[PDB]
Amino acid sequence: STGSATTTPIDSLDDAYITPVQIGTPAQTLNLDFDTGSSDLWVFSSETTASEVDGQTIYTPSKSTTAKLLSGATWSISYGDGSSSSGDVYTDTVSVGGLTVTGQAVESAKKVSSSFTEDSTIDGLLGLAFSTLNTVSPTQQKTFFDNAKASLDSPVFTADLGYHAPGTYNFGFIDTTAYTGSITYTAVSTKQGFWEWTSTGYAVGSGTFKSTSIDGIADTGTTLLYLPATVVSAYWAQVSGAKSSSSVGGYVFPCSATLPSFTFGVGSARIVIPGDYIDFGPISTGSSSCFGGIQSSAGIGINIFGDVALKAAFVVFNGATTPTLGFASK
Ligand SMILES: c1ccc(NCc2c[nH]cn2)cc1
């Protein structure tokens, strides 16, 4: 089997991407944030605290003939940005882009943090990291990809995120029309539950390439690119008037700037992030200070190849017995 679904930016800055997901019988379609950095499929629901729902579409398990309470199971998750959600668990039929999994754990939110409530466009998350991170207790549950894997033509999914434009998530096949050149594969560590890999270095603009190992995760559910402070300082030093602002919480730059590109290494290959991808717009409406898309990972404890990096590539999440990542230009 295969599946193919379009993923759409939630706003003009590509803060995140939403992908329609069919849950239950008859189908209830919710727009979920596909997150290769987490392993819970959770949704706004008929159980969510009413004051914490503001425009999201909800899953109502009592309207699904295939929904079953997973008796005793609860979940609770915290994300790297301080946001959180928690609740109970149903099993139900979940389809993505024509690919169906029966008996998928659908984690129903009783509580969500203010950032989730305040984002009307995201109805929940679909985790695509390794199932070892799933938070369901006392019986840990599998991701949608882990449940689908054995049925798929090939045990892979691909992320093809757009710049200010829709893109695609494919499951079970590699669309050889969606990228240029060849796919370079690189080793993954699953020891922390993430798609963790080692970049071979970076360049700023037309600068020389610096060969240096950068351990980090491929995380579709993080907006920005978070790298070591040395690398980030080297990037922003090429932008007149850029600075790290403790008040704003990262590097800002004059909105009048033209940003340089950023290149990262994948083995002997190179992925170039155009400068425009690094512009996250005014810090507040009407400001001439703009927020940077490359930020320090200092204090986060891991480097994160978030959407800013991944949207520059066609990315293969290879879930073979020894997982690997693939990157191609596009
Ligand atoms: C700042 C924000 C995001 C992340 N991951 C975000 C996230 C939110 N929900 C799922 N992943 C890490 C640092």
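The numbering of chain A matches Swiss-Prot: 90-419, in order.
Per deposition record, X-ray crystallography, 1.1 Å.
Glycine residues also receive a Cβ, built from the backbone N, Cα and C atoms like all the rest.
Sequence-distant neighbours of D124 (active site) (same chain, six or more apart, CB under 8 Å from its CB) are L214, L215, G216, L217, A218, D308, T309, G310, listed in sequence order. Sequence annotations record features per position, and here Swiss-Prot assigns active site to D124 (among others).
The annotation active site is assigned in Swiss-Prot to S288 (among others). In the three-state DSSP scheme, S288 (active site) is classed as strand.
Summarising the annotation, Swiss-Prot assigns disulfide bond to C344-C379. For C344 (disulfide bond), other Cβ atoms within 10 Å of its Cβ number 14.
The feature domain 'Peptidase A1' is assigned by Swiss-Prot to 106-417.
Across the structure, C344 (disulfide bond) and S288 (active site) place their CA atoms 30 angstrom apart. Selection of the recorded positions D124, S288, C344, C379 by a Cβ distance under 6 Å from ligand 1 yields, in sequence order, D124.
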